[PDB]
Amino acid sequence: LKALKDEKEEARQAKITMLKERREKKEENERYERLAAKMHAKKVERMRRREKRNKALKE
Amino acid sequence: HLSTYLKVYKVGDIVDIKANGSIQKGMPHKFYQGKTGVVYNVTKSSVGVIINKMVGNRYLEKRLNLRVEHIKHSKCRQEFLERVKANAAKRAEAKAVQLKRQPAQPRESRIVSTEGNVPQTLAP
Amino acid sequence: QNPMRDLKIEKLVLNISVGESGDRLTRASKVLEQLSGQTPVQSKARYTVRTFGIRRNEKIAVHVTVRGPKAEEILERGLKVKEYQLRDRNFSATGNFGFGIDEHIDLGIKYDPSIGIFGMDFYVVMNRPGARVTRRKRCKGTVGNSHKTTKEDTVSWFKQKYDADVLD
Amino acid sequence: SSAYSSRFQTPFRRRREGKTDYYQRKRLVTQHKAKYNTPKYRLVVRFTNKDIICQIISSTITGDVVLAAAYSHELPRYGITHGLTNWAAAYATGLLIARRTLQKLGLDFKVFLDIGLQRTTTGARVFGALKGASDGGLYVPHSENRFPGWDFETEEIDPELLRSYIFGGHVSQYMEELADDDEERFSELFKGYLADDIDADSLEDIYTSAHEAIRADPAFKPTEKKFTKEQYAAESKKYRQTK
RNA sequence: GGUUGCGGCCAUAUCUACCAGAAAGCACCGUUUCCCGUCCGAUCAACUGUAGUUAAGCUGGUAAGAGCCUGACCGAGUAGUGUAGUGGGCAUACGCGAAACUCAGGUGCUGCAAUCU
RNA sequence: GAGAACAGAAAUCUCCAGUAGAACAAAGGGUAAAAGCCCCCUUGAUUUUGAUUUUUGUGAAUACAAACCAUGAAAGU
């Protein structure tokens with residue numbers, strides 16, 4: 001019994017680990033892209049602050 | 001969608017009202033949506049449609065004009081006409097029946113074989 | 001190999017951004033007009049700034065565009081002022097390049113204190129045959145990657161004709 | 001990116017290529033529709049390099065149909081090898097397709113011009129084809145505004161000027177000027193014309209030629225079609241990829 | 001079978017990267033007296049297809065790619081839900097019955113006319 | 001985003017990306033060779049005859065024909 005259940009659960013754990021590895025690679029590069037975009041956005045809104053720019057009227 | 005303009009609509013045809021958001025002109029009738037009415041007259045720009053609207057407990061008759069963009073041909077009577085034509089054919093064949101419809105009947109006797117399909121016994 | 005994939009000059013735009021609007025603009029007007037032969041275009045201000053000392057719709061610059069042999073002729077007579085020595089920069093990513101000159105009198109035109117002195121910015125756009133696909137109306141499209149101009153190709157074309165240097 | 005691609009909404013294929021304008025197309029094809037079938041006919045003129053196209057189209061949910069179609073490559077049969085894309089050549093093609101359609105309907109009807117994407121300018125070859133067709137006798141609605149020689153400074157027109165344009169007067173006077181001023185550009189731009197040694201009165205007579213010829217036989221003498229279907233197909237499949 | 005023109009359905013067609021395209025055409029491309037319009041024959045207008053090019057565009061294949069579409073004895077007869085009971089302290093009985101996700105597969109199909117080794 | 005003398009985060013110029021993230025009387029629908037900006041011409045925001053929906057009172061919008069008109073080469077509006 002201990003022989004049988006451990007190869008079956010081991011194969012299933014292999015499937016689990018492949019799923020997890022894949023999802024984490026994808027979300028990792030996604031997170032890197034979003035983080036660089038966030039930093040770029042922060043840097044541009046840093047210099048836009050020097051502009052007076054009442055956003056309302058039309059100037 | 002240009003196929004919504006090469007669409008002849010003759011007096012008598014039945015059509016559903018389904019107004020699309022893409023044309024601000026003639027957006028009709030908030031609750032006349034998914035409601036069916038036959039066409040009474042047609043002009044340019046235009047089609048007539050009549051609907052039996054109920055108020056109280058009587059069906060009064062509301063006639064209306066709509067742009068062709070919102071209306072749509074109804075497939076309401078497809079099986080009706082198919083069955084009528086098939087009934088004409090079957091009546092001709094009889095003249096040479098139960099052409100009426102019938103609900104689902106109880107399935108009749110039969111034989112089930114065991115050639116390669118031996119029954120597989122099992123449990124919870 | 002390059003039978004049609006060459007790197008001709010398309011056009012040069014000469015621009016004069018003035019701190020003030022008026023007869024100064026008209027004089028810069030006249031300068032670019034006499035340099036090109038044709039009539040230039042007056043550009044207004046987009047919005048008010050109040051630190052550069054201007055306002056909306058103030059006619060604060062004048063510029064002109066030139067195509068043909070005239071363009072590269074004027075380009076060479078202007079680059080004589082910069083004596084054929086640009087920088088690693090002054091070359092865009094997409095394969096264009098420009099510079100700026102003070103004392104416009106350093107190409108042929110004399111002092112003439114009648115009017116004064118102006119500086120101007122040259123900018124020069126490069127391409128090959130086949131740019132019409134992104135400029136016409138019918139049939140509009142875009143150009144492939146292999147045929148795209150680039151800083152490297154332009155810099156090589158420039159270390160070639162005009163026989164210049166990069167200076168860093 | 002993924003989200004931008006997903007939220008993207010593609011236009012129609014014929015629009016993604018710069019080929020049609022549905023804004024104009026619906027105003028054309030859409031009928032009164034109180035009258036029910038009444039197919040609306042439109043003459044479609046198109047200019048490519050080296051060739052002209054003039055067709056007459058009805059459109060339907062099958063997608064459309066071509067009852068009559070002519071091109072400028074037919075005019076060599078009618079008496080002109082040269083200048084197929086010019087104003088007079090498109091005028092001739094329009095007269096050709098008009099007499100053709102009028103022959104097939106047997107009358108000697110009402111067709112609406114399609115401009116395409118070409119700009120509406122005074123002295124355009126689309127209006128030359130218009131004048132050819134109206135020549136032919138099909139009633140198309142139009143105004144005398146856009147024919148060439150329309151003095152923009154007022155509301156008048158000189159018929160002799162567009163008569164000269166029909167006969168090829170601008171090309172002829174440019175030939176004369178470039179000839180008596182130079183021969184480099186002349187030999188470059190007029191090699192076939194130079195080998196032929198054609199005149200101004202000459203070329204007007206040739207266009208009259210071709211006019212009477214299309215009035216004689218507009219019945220579409222078709223091409224000879226050498227090397228029938230399977231030859232073309234197999235030889236093209238030699239160079240067609242496959243998965 | 002290839003291509004051009006007009007279209008229908010509107011990503012199975014779109015995006016990204018690379019490659020191939022005899023012939024046909026299409027396209028870049030050559031010129032600016034006139035019709036015309038441009039700050040600027042770059043666009044638009046006109047002329048000859050002559051000087052010349054498949055480089056580009058366009059067409060087609062390719063990617064354990066993105067997306068888009070289809071299907072699933074995929075999820076699952078699960079969740080949820082209508083009815084009954086002196087059933088327990090939520091199951092049972094007769095019934096109805098999903099979706100997301102996951103997995104797999106695919107990557108434009110066509111109408112009219114003309115034309116090509 | 002890259003790039004150009006004075007000129008910098010914002011003055012003017014050029015190129016690339018950019019399904020709308022802009023504008024159309026502030027988190028929303030609809031609109032991209034436009035329903036947006038600029039340009040050309042006009043002022044149909046005009047009279048007569050009836051029809052429909054909202055609504056018995058009107059008004060509002062809606063389509064519908066005849067005329068005078070504008071517009072575009074035209075379809076047509």
# chains A, B, ... in the order shown; residues from 1 in each chain; ligands from 1
>>> residues_around(residues="residue B:15", least_positions_apart="4", cutoff="7 Å", atoms="only C-alpha atoms (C1' of nucleotides)", output="short mmCIF file (atom, residue, chain, number, x, y, z; two decimals) with C-alpha atoms, in the first residue's frame")
data_model
loop_
_atom_site.label_atom_id
_atom_site.label_comp_id
_atom_site.auth_asym_id
_atom_site.auth_seq_id
_atom_site.Cartn_x
_atom_site.Cartn_y
_atom_site.Cartn_z
CA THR B 36 -42.48 41.20 -31.94
CA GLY B 37 -44.80 43.05 -34.29
CA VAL B 38 -45.93 42.78 -37.88
CA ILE B 71 -35.78 45.78 -36.43
CA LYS B 72 -34.93 42.19 -37.35
CA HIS B 73 -36.62 39.32 -39.16
CA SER B 74 -38.34 36.87 -36.82
#
>>> residues_around(residues="residue B:12", least_positions_apart="3", cutoff="9 Å", atoms="only C-alpha atoms (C1' of nucleotides)", output="ChimeraX atom specification")
/B:9,38-41
>>> closest_atom_pairs(of="chain E", to="chain D", cutoff="7 Å", atoms="only C-alpha atoms (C1' of nucleotides)", output="tab-separated table")
residue	atom	partner	partner_atom	distance
E:1	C1'	D:233	CA	3.7
E:2	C1'	D:236	CA	5.9
E:7	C1'	D:63	CA	4.6
E:8	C1'	D:63	CA	4.2
E:10	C1'	D:12	CA	5.5
E:11	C1'	D:10	CA	6.7
E:14	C1'	D:10	CA	6.8
E:33	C1'	D:174	CA	5.3
E:34	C1'	D:170	CA	5.6
E:35	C1'	D:123	CA	4.8
E:36	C1'	D:121	CA	6.6
E:47	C1'	D:171	CA	6.9
E:48	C1'	D:189	CA	4.6
E:49	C1'	D:50	CA	6.9
E:50	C1'	D:189	CA	5.0
E:60	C1'	D:241	CA	6.3
E:61	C1'	D:241	CA	6.3
E:66	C1'	D:2	CA	6.3
E:67	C1'	D:5	CA	6.0
E:111	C1'	D:62	CA	5.4
E:112	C1'	D:65	CA	4.0
E:113	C1'	D:66	CA	5.4
E:117	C1'	D:232	CA	5.6
>>> closest_residue(among="D:143, D:164, D:24, D:37", to="chain B", atoms="only C-alpha atoms")
D:37
>>> residues_around(residues="residue A:49", least_positions_apart="6", cutoff="12 Å", atoms="only C-alpha atoms (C1' of nucleotides)", output="PyMOL selection string")
(chain A and resi 42-43+55) or (chain F and resi 9-10)
>>> select_by_dssp(residues="stretch 36-128 of chain C", states="alpha helix (DSSP H)", output="list in words")
residues 36, 69, 70, 71, 72, 73, 74, 75, 76, 77, 78 and 79 of chain C
>>> write_last_selection(atoms="C-alpha atoms", output="mmCIF file, in the first residue's frame")
data_model
loop_
_atom_site.group_PDB
_atom_site.id
_atom_site.type_symbol
_atom_site.label_atom_id
_atom_site.label_comp_id
_atom_site.auth_asym_id
_atom_site.auth_seq_id
_atom_site.Cartn_x
_atom_site.Cartn_y
_atom_site.Cartn_z
ATOM 1 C CA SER C 36 15.121 79.290 -49.066
ATOM 2 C CA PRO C 69 19.126 69.402 -54.072
ATOM 3 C CA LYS C 70 18.518 72.710 -52.308
ATOM 4 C CA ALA C 71 18.151 70.813 -49.033
ATOM 5 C CA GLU C 72 21.551 69.104 -49.070
ATOM 6 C CA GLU C 73 23.217 72.214 -50.525
ATOM 7 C CA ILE C 74 21.973 74.333 -47.620
ATOM 8 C CA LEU C 75 22.844 71.424 -45.317
ATOM 9 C CA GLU C 76 26.468 71.432 -46.437
ATOM 10 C CA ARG C 77 26.792 75.218 -46.327
ATOM 11 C CA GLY C 78 25.422 75.118 -42.778
ATOM 12 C CA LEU C 79 27.535 72.161 -41.664
#
>>> closest_atom_pairs(of="chain F", to="chain C", cutoff="12 Å", atoms="only C-alpha atoms (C1' of nucleotides)", output="tab-separated table")
residue	atom	partner	partner_atom	distance
F:1	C1'	C:93	CA	9.9
F:2	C1'	C:93	CA	5.5
F:3	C1'	C:92	CA	4.7
F:4	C1'	C:99	CA	5.3
F:5	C1'	C:100	CA	4.4
F:6	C1'	C:102	CA	7.9
F:7	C1'	C:17	CA	8.9
F:8	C1'	C:52	CA	11.0
F:10	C1'	C:49	CA	7.5
F:11	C1'	C:52	CA	6.6
F:12	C1'	C:17	CA	5.1
F:13	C1'	C:15	CA	6.1
F:14	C1'	C:123	CA	6.4
F:15	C1'	C:94	CA	6.4
F:16	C1'	C:94	CA	6.8
F:17	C1'	C:94	CA	11.6
F:33	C1'	C:137	CA	8.0
>>> residues_around(residues="stretch 43-57 of chain B", least_positions_apart="2", cutoff="12 Å", atoms="only C-alpha atoms (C1' of nucleotides)", output="count of residues only")
57
>>> interface_residues(of="chain C", to="chain D", cutoff="12 Å", atoms="only C-alpha atoms", output="list in words")
residues 133, 134, 135, 136, 137, 138, 139, 140, 141 and 142 of chain C
>>> closest_atom_pairs(of="chain A", to="chain D", cutoff="12 Å", atoms="only C-alpha atoms", output="tab-separated table")
residue	atom	partner	partner_atom	distance
A:30	CA	D:2	CA	10.3
A:33	CA	D:1	CA	10.5
A:34	CA	D:1	CA	11.4
>>> interface_residues(of="chain C", to="chain E", cutoff="6 Å", atoms="only C-alpha atoms (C1' of nucleotides)", output="list in words")
residues 4, 5, 39, 40, 41, 65, 66 and 130 of chain C
>>> write_last_selection(atoms="C-alpha atoms", output="CSV table (one decimal), in the first residue's frame")
chain,number,residue,atom,x,y,z
C,4,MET,CA,17.2,50.4,-54.2
C,5,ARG,CA,17.8,50.3,-50.4
C,39,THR,CA,7.7,81.7,-48.2
C,40,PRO,CA,8.1,80.4,-44.6
C,41,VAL,CA,5.4,79.6,-42.0
C,65,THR,CA,10.9,73.1,-45.0
C,66,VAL,CA,13.1,72.4,-48.0
C,130,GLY,CA,8.9,53.4,-50.5
